[PDB]
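K.L.:
partial complex here, more coming in a sec:
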Amino acid sequence: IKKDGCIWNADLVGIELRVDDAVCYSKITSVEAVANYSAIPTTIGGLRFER
């Protein structure tokens, strides 16, 4: 994930600290997290999307 080729805009990782802790929480969503996530067999509408 080194620089010079990797692209990120802003606000992808948060910082949290109370007393000299500086703990980092995860915010990146996986592929199976957004809505309308289908699979290899798909029959949306009249089309039957195969592989």
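P.N.:
Happy to help now that I have it. Numbering: from 1, shown residues only, chains lettered A, B, ... in the order given.
K.L.:
run the chain-centre distance for stretch A:27-35.
P.N.:
For stretch A:27-35, the separation from the chain centroid amounts to 4 Å (computed by Cα atoms, centre = their mean, to the nearest Å).
K.L.:
endpoint to endpoint, that stretch covers what distance?
P.N.:
Length of stretch A:27-35, first residue to last, Cα to Cα, to the nearest Å: 17 Å.
K.L.:
spatially speaking, which residue is in the middle of chain A?
P.N.:
residue A:29 (3.0 Å; Cα atoms, centre = their mean).
K.L.:
put chain B on too:
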Amino acid sequence: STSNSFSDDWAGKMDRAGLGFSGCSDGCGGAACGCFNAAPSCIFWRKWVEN
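P.N.:
Placing chain B onto the earlier chains gives this:
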């Protein structure tokens, strides 16, 4: 403002080339991209028309 996208190698200096536009784009870095150092590679492109 440098628009002369000719690194002493293009075939634009011909009588059959015609009209075109000296453009340029960006590339990738890495062993598969053609270099050995993570850095944006200057990739030039030239298009024209023929008859």
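K.L.:
which residues touch residue B:49?
P.N.:
For residue B:49, the contacting residues are B:18, B:19, B:20, by Cβ atoms under 8 Å, 6 or more residues apart in numbering or on different chains. All C-beta atoms are positioned from the backbone trio N, CA, C, and that covers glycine.
K.L.:
quick check: closest non-adjacent residue to the last one.
P.N.:
With Cβ to Cβ, 6 or more residues apart in numbering or on different chains as the measure, residue B:48 is the residue that lies nearest to residue B:20, at 3.7 Å, once sequence neighbours are left out.
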